[PDB]
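**Q** structure of the sequence below:
(9 chains)
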Amino acid sequence: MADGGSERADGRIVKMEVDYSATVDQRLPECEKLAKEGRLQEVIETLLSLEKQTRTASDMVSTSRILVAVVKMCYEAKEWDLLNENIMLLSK
Amino acid sequence: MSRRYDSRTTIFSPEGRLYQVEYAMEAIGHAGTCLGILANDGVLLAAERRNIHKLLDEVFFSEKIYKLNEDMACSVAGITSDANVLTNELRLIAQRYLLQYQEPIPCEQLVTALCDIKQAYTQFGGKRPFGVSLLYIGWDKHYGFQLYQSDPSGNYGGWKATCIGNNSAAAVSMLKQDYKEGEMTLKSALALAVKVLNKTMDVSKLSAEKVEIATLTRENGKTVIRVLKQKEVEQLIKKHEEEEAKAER
Amino acid sequence: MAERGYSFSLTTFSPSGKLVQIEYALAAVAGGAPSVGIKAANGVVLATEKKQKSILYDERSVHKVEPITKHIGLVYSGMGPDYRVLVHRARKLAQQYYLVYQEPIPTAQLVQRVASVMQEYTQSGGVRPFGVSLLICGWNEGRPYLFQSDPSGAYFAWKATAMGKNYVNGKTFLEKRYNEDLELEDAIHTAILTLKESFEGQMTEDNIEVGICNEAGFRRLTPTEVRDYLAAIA
Amino acid sequence: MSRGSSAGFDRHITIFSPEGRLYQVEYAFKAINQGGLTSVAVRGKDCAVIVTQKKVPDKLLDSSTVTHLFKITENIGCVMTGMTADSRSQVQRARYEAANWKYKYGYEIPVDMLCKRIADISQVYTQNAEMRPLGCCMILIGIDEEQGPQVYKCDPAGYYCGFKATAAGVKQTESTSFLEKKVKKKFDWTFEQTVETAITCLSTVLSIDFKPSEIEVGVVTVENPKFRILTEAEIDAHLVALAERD
Amino acid sequence: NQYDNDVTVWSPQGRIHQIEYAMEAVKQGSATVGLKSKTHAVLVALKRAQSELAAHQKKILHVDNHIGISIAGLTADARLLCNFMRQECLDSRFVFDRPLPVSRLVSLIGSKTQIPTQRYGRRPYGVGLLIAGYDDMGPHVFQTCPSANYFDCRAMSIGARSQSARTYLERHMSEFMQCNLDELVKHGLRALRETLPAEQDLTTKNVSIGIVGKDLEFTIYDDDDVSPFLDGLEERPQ
Amino acid sequence: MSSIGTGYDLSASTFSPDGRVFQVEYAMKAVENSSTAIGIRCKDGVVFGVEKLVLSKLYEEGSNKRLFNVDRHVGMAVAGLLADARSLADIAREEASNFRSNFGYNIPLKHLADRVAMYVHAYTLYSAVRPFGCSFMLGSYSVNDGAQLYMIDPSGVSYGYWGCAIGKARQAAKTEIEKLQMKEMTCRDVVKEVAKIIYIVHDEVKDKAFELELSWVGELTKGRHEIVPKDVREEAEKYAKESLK
Amino acid sequence: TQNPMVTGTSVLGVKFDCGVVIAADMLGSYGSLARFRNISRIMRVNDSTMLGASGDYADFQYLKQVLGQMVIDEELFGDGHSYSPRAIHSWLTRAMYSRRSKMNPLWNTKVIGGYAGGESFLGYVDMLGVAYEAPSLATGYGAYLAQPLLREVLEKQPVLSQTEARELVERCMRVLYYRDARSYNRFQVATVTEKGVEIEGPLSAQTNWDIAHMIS
Amino acid sequence: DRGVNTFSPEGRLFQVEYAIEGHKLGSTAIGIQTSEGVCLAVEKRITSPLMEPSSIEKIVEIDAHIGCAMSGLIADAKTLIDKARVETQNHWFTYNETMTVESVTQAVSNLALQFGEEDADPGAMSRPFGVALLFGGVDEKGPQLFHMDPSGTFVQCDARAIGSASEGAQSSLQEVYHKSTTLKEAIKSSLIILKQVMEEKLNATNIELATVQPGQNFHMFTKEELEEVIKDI
Amino acid sequence: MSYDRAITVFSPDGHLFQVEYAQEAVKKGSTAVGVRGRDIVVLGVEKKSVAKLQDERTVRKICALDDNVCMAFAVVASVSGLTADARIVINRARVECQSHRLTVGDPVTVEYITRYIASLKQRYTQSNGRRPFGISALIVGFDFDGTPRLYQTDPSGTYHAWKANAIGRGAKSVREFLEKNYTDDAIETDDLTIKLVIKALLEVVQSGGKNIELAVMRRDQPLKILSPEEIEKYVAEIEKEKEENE
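**A** Numbering: from 1, shown residues only, chains lettered A, B, ... in the order given. Sharing the structure here:
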């Protein structure tokens, strides 16, 4: 039925999708270190599935992930294309 | 709110009479005129249509004079809108009385019954009284040939020649002047009818499109009510030229 | 439970042959959609502005050209809801005639009966009369006919009249112009040109809607067809 | 606009203005603006989509009439847009009329006929001030049996006509022109696209966006003519695709 | 003014001004005390007369021999509700044959008196009824207002400065159930004087007594048949 | 909120230029002054709690009531102007009874919530009647559809609820219902939880002492709306005092 | 027998009132005509939580009496006082509606047995479709009247203080005659006991006759 | 219109308070209850010597045993009497006993206040009645005079007078009459106040007197018998 | 009977605005005098407004309510003509008269009509849509006792028996002019009553016996409306006489 707290299509809005986005930024540097050498696309992806959400609110959370990621990606000549694409989706 | 207005429809005014009843007479003044004249062997109605336009198709050839029954005829003086409702009530009353009576419907009887509905609205129901004065022409045995006049005030009148609609004061005198008590026959009367319509209109020039002329003439065993086609009226419009001379002389 | 509110006369006579509140209704039809009607004398053709000026129009049956019955069509100018009731009422009236006569309702008759409700709404308190004027077509008596029924309930008889934006100016241009003895194809071409004169802006085939009445019966012209007529004439 | 001049007792009555405006109707538009509900509707050939926002005051809700998607008949479905109080009364009236149609017609009703019955009834409201018109706005969506998917919109007044794509709510005009560009650009109508194009438009005009849970999409597909609510899952399928779409 | 005569204008508290006037109408009307026991119900009402050459109007009205009512306020408004209460109780007796509970009957009266408060242009009534009844559970005194709001009390007093009468009633609340028919009247008399000035006490001809039960049939005591029930009173308890 | 006492409420058929009638706005204001009445939906029923005003020690259960049984399985908890709340109970009682005659089953609350909300809107429409001046909750336990809780405002909106409260502080009580999970609870635990909220929310400015009266339509009352059983009442009463402290 | 215009029938309803309790026995076999359509059917209804109903005569006419009954309890709850009915008022109000229903061509000899204790008043009522309603010690009408009621009454007249046990063995015996004589059933019964505080009724359980009528 | 729901802050209608002023301009009526009858006095309002007292009355029959004399606005009295007459005759068939003077007064009293500006029906009004009626008749409880007023209240009175000054005409009656007394002294007491409150003075076509004894039918007095009551003013 | 305001609101005068306004409405039905004789009870009316293109029947203030009760109307004012509002009171009065003939078949009583009319006016007050009346009628008719009756009613709801009464153009004024003319001889002589009616009408109207139409009604015979031509013959002698009493 559900009674008390969060609904079944309402009140999933503030916590669920937004929380996931806040947590994955924290996880990110460990995962980025392995990416430069190789296998970037899986590393940016976990965060991206969340990022697919189209709210105003999610963008603000998303400022956090990029900061670390840009350092390795710029360094390399193949990594850089992938971060940039994601950002194109946000705008489009 | 609704309690802070006036319109004095069911409520009597300082006058001792309602605003709504008196105002209806003003609307009738600037709308097309209807007259009924008496002849020795018939009665006739002549009316000015509410159409001042230069082009009519004649979809309905009753836009002022409607023939209710095969024993009766009416005209409209006022707004065509209130007429539409009234026309439908008249086709039923006129035929109902006839089913029972088996005698041509008395001109008086019809009007008093109708006038009762006109007054019913103003007094109660919170509706305004119809903006139409209907000019009834008919024949019954016990008064003879008749013309009766209907008002929104519930006033009736037994007439021999009267006109209601636009510039009525002039019009009734003009019908009296040319036509005395029992003077003029049916054919010569149809001419007289057009002659007053030419003079009195809301907007000048009398044409076939602007006029509709109806005859009650008793034929061989039946009283025949016909609305004349445009073609016949035209022969009367030239007759009306001849009539102007004739009144004077 | 119960409703009162407004039940005293709202309408006061003006010396003009009409009441004040109805006169105002006739301005409403003027700010309404352009609709033109011309009697071709071998059928009647009626044309109306398809749009309500959003210019997304996708008509397949949602028209303002509507067959009431076998040989009666209606196109209007003014109010939408007020019109829908007249269409529903018209079929019931046509059929009322169809039961008795075994022919549907002549132009003159349909007008008398629609006109009585429009006046009803005036005289009565707590109601307002329609904001709709009708271009009514029909084939009766062996002749095509076209009538105008105004929002008052008054009727004016017309072989050609125009409604909508610049209606007043529309009637004088038609009064002078009006034609007869027209082939079916020509009927459409004349009707579209008159519609060009009333209606402003673009015309394509999702901006204007045309219906024709003739001997075969009233039907409503397909959006492809209207386009071919529109192009053809100057 | 006009606020009208009186010559009758026009001020609190719906009766005429020199604009042709009806006072109660114009007041009915302000009722839309009270609710906060705006809808974007798109017609296709695969489906007719109506997508509209779901109101949340608190997270203790049951969704059975929080919902602004209503079943007005099993095949053809609709949304009420505007003030939720006026919406419930109208939905109620309509359903009794809809059921009446069921007794008369005997079957699933065409979209053209369904909008026409509501329109005649709302003519009763519009002419009266005895009972004020209901200041909701209905966009009926559904597949008319031979023609295809149709999107028709009735105003509080009851004005209805067909459109390529329609909008209702706080502001009709601004939403329509945004939608008009989407219509010009005419996309390949299949299930994923028609839903997605509807969803993108409602989000662009607001400039707040949303999650799938925050909107309610109701479709009438050629796949099942039944009127169906997608739910949280199915809408989500479009959203993730939409992100990858440019 | 005219925004206070409109039944469609309200305060920012959400109170219609016409309902507010209608409660006060009771309060200008004469004081009545209505008490219950577990065998009887007593209605004590204060009378009035026009002249010394006149007898006082019963403010106790006869409905049935098991239920009885007492009025405080306007008699003419009273008579419409009275025609309604007699019609419902008699109905109940024919159809159900139960000696109708007080509690069901007052709630329906509450519905009717509420209708003019919602109507535009119609005034609320403004009479107060203390309805005494006896059903098989025992007696109840319910008080119905010029609004829906109805009370189930052991004892109640309504009228001028009625709050003061309640205080005497509250001190003897338990006692009422033990006491006799005779005493219930005497405790009523002692409450009724609190409403009026302390310059004045009751007299024999301004007291009307209406006794209710089904251990007795309904009785109205007028101006001189009042005396047996009257004896035993205390002059102005403060 | 918009409303002025002059203009656009001088008839009960006058529509305001803002889109929401002044009269409906006035009807909500009265609910806002009144005491708090709460009703929380459980997994195994619904538990009501409404505070019953006591102005004298002469009063019994009949005085200042706010629990009605519209059906005999469906309850109604009202808040606001009591006079209109009891009249709408009487018409509603009739409406439920006619339904039971025809339909013949424990009525589903989802149908009631639409028909009643439309009826409450009808009175805003019409001149001969004015809007209802209370917000009320309808609450039932049935086997046909389970536990159901709906609230209707005097506007004539019906929305579905897990747990709602209406009072002097509508928002604070609803956040407090949010914190607790009724998902974890059965109908027995809910009675405790309703009882505290009524005491804290309510601000005395018109009371002097109130009695809490609560009603069950749950497990130990079998799908008919009965007053709270004694065991449940005592469990509920202690916790309410304990929560203050 | 004794049943004008019946189709689906409940055959027999025992009702005997003892001190604070009633036992009513009614068969589960519910013949739709001669054929036993339902082998088990509970013909026990819940008026209220404090009242109970058990009914005999045509079962269709019983569901009608049920809808009427049902609303009356609703009315009492409806006030907000939350009263439970009194056995006499609900049964009595319906006895009047049975006077009206005679005149139209549908017939009723519908017979219900009400035992309640509610408010503070103890009723035993029986209400009919011809509207013979009364307080009683024991009653049964319709088909009950033709065969079990007189033996039940014969014992009841010198001993008016029969108990639920003496009646139990007698109920079992009489229903044995019903399986054999009546053409609307072959046995199997539900035992319902109404009290003035709770409505109790174990489900329909089989019973079977004993033969000894082919010896001579 | 201007408020017809009008309450004062005290808690009575303004409109009812307005209703009395109308009575004051109108006719004068005296009702006195005697052990030996009820006598009813009323103003005929002479203004020509051609108006015939036997042919026209304003003492009118509710029943053949019960009379009512009217005061205040004349139109208003007629509406109350016609409903009351039928109620009375219908009562007679059913019970087979004469209707108590109280029983008829209660029915008419319902009509006095039920007004409201809008939602009016015949049972309601647009403005409260400004007539006070003296219903006098002899029943089985004895001769009774019940008094009904514009406020729609019924009271038992053994003497009431209402007219040009309601309270004034009652204060003269308070000085003279005594509760238990002979028929001639009650008939004398009714005439005596009547001429002093009025502008008009006592004659035998100026006023109308009819007396109802118990054990008698309602009798409207003959020309001669009206003149006999004039000798003792 | 439908409106949305009260028809009247009370005053502290103790007059009804609508009844007084109605009194002027009935003086629209011009001046009418009626005198009672031994065997012929006669009423006559002011203005027939002859132009010999009209009928005489249609303007009448003399109305036959039955064939043995008749009445002529007015009360007070000086305001404009109109038969019609008065005519409406007649139409109610004629049913009222006729319903009594069904009940009592002998020549129906004057008293019944007047009483019904007073109550009829109070009743119209109560209904919000109904327009009240306030008129005076000169009821003429016969009983089953065969004795003459002339009754008159007032807007105050009060009816009185009389030997002569006149109404119109100041009710008290035409009545007082008759009080002078009255002598004891007048009422038994048949001839004398007729002259009274003609002297009263001759005051307010120029050239009567064309504006004096009077009817005599008889014990055994019904209403006879005399031709105007035989009335003019009287007017000429009688006007000689009218100056003499002055």
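**Q** is stretch F:6-25 in proximity to chain I?
**A** No - residues of stretch F:6-25 are not located near chain I by CB under 8 Å from any CB of the partner chain, the shortest gap being 8.6 Å. All C-beta atoms are positioned from the backbone trio N, CA, C, and that covers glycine.
**Q** off-centre distance for that stretch?
**A** From the chain centre to the centre of stretch F:6-25 is a distance of 26 Å (CA atoms, centre = their mean, to the nearest Å).
**Q** first-to-last residue distance for it?
**A** One end of stretch F:6-25 sits 14 Å from the other (CA to CA, to the nearest Å).
**Q** kindly report the same for stretch I:33-48.
**A** 15 Å.
**Q** and it, what's buried?
**A** When neighbours are counted by 16 or more other CB atoms under 10 Å in any protein chain shown, the buried residues of stretch I:33-48 are found to be I:33-37, I:40-48.
**Q** let's have those in TSV, adding secondary structure and distance to residue I:81.
**A** Putting those into TSV (DSSP: H, G, I helix; E, B strand; the rest coil; distance: CB to CB, whole Å) gives the following:
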residue	secondary structure	distance to residue I:81
I:33	strand	18
I:34	strand	21
I:35	strand	25
I:36	strand	28
I:37	coil	30
I:40	strand	29
I:41	strand	27
I:42	strand	24
I:43	strand	19
I:44	strand	17
I:45	strand	12
I:46	strand	10
I:47	coil	7
I:48	coil	12
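**Q** could you single out the nearest of those to chain E?
**A** residue I:34 (40.8 Å; CB to the nearest CB).
**Q** excluding its backbone neighbours, what's nearest that closest one?
**A** In space, and not counting its chain neighbours, residue I:34 is closest to residue I:43: 3.4 Å by CB to CB, 6 or more residues apart in numbering or on different chains.
**Q** gap between the one you found and residue I:150?
**A** Counting by CB to CB, to the nearest Å, the gap from residue I:43 to residue I:150 is 8 Å.
**Q** what is in contact with those two at once?
**A** The contact sets of residue I:43 and residue I:150 overlap at I:34, I:138, I:140 (CB atoms under 8 Å, 6 or more residues apart in numbering or on different chains).
**Q** export those to JSON lines and append columns for distance to residue E:13.
**A** Formatted as JSON lines, these follow (distance: CB to CB, whole Å):
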{"residue": "I:34", "distance to residue E:13": "65"}
{"residue": "I:138", "distance to residue E:13": "61"}
{"residue": "I:140", "distance to residue E:13": "65"}
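**Q** from these, pick the one nearest residue D:79.
**A** Residue D:79 lies nearest to residue I:138 out of the shared contacts of residue I:43 and residue I:150, by CB to CB, at 72.6 Å.
**Q** next one: phi and psi at that closest one?
**A** Note on residue I:138: backbone dihedrals following degrees, to the nearest 10 are phi -110, psi 90.
**Q** excluding residues flanking it in the chain, which one is nearest it?
**A** Spatial nearest neighbour of residue I:138, excluding adjacent residues (CB to CB, 6+ apart): residue I:34 at 4.0 Å.
**Q** helix or strand for the residue in chain I positioned nearest to chain A, which one?
**A** Going by CB to the nearest CB, chain A is nearest to residue I:4 of chain I, at 45.8 Å. Assigned by DSSP states H and E, residue I:4 belongs to no helix or strand.
**Q** what's the distance between it and chain H?
**A** 6 Å (CB to the nearest CB, to the nearest Å).
**Q** who are the neighbours in contact with that residue?
**A** Residue I:4 makes contact with B:2, B:3, B:126, C:4, C:5, C:6, C:7, C:8, C:125, H:118, I:128 under the criterion CB under 8 Å, 6+ apart.
**Q** now the second one, nearest residue through space, not along the chain?
**A** In this case it means residue B:3. Using CB to CB, 6+ apart, the closest residue to residue B:3 is residue I:5 (5.4 Å).
**Q** distance of that neighbour from residue B:9?
**A** Residue I:5 is 10 Å from residue B:9, where distance means CB to CB.
**Q** go on, residue C:76?
**A** To residue B:9, residue C:76 is 32 Å away according to CB to CB.
**Q** now do the SS call for whichever residue of chain F sits closest to chain B.
**A** Residue of chain F nearest chain B, by CB to the nearest CB: residue F:10 (3.6 Å). Following DSSP: H, G, I helix; E, B strand; the rest coil, we place residue F:10 in the coil state.
**Q** tell me the contacts of it?
**A** So residue F:10 contacts B:1, B:3, B:4, D:12, E:3, E:6, E:8, E:9 (CB under 8 Å, 6+ apart).
**Q** ok, the fifth one touching residue F:6?
**A** Yes - at 6.1 Å, residue E:3 counts as touching residue F:6 under the criterion of CB atoms under 8 Å.
**Q** and those two? which has more neighbours close in?
**A** A side-by-side neighbour count of residue E:3 and residue F:6, using other CB atoms under 10 Å in any protein chain shown, places residue E:3 first with 15 against 10.
**Q** centroid-nearest residue for chain E?
**A** The C-alpha lying nearest the average C-alpha coordinate of chain E belongs to residue E:130 (CA atoms, centre = their mean; 2.4 Å).
**Q** beta partners for it?
**A** On the basis of DSSP bridges, residue E:130 is bridged to residue E:70, residue E:143.
**Q** if I look at it, how far off is residue H:10?
**A** 22 Å.
**Q** and residue E:90, by the same measure?
**A** Counting by CB to CB, the gap from residue E:90 to residue H:10 is 36 Å.
**Q** joint contacts of residue I:5 and residue B:9?
**A** Counting by CB under 8 Å, 6+ apart, the residues touching both residue I:5 and residue B:9 are residue C:8.
**Q** whichever residue of chain E sits closest to chain A: helix or strand, and which one exactly?
**A** Distances between chain E and chain A by CB to the nearest CB are smallest at residue E:14, namely 30.2 Å. Under DSSP H and E, no helix or strand contains residue E:14.
**Q** which residue packs closest to it, ignoring adjacent ones?
**A** residue F:30 (2.6 Å).
**Q** ok, now residue D:70?
**A** In space, and not counting its chain neighbours, residue D:70 is closest to residue D:91: 5.3 Å by CB to CB, 6+ apart.
**Q** so the one you found sits in a strand?
**A** No - Residue D:91 is assigned helix when assessed by three-state DSSP, not a strand.
**Q** so where do the strands sit in chain C?
**A** Using DSSP state E, the strands of chain C run over C:35-39, C:44-49, C:66-67, C:73-78, C:132-140, C:143-149, C:155-157, C:160-162, C:208-213, C:219-220.
**Q** with mean neighbour count and distance to chain A as extra columns, can I get the ones you listed in TSV?
**A** Listed next are the strands of chain C as TSV, based on neighbours: other CB atoms under 10 Å in any protein chain shown; distance: least, CB to the nearest CB, whole Å:
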stretch	mean neighbour count	distance to chain A
strand C:35-39	29	45
strand C:44-49	28	39
strand C:66-67	20	42
strand C:73-78	26	43
strand C:132-140	26	44
strand C:143-149	23	52
strand C:155-157	24	57
strand C:160-162	27	49
strand C:208-213	25	38
strand C:219-220	16	43
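**Q** okay, the ones you listed in a markdown table with distance to residue I:58 next?
**A** Below are the strands of chain C laid out as a markdown table (distance: least, CB to CB, whole Å):
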| stretch | distance to residue I:58 |
| --- | --- |
| strand C:35-39 | 46 |
| strand C:44-49 | 47 |
| strand C:66-67 | 50 |
| strand C:73-78 | 44 |
| strand C:132-140 | 40 |
| strand C:143-149 | 36 |
| strand C:155-157 | 32 |
| strand C:160-162 | 42 |
| strand C:208-213 | 49 |
| strand C:219-220 | 56 |
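**Q** that'll do, ta.
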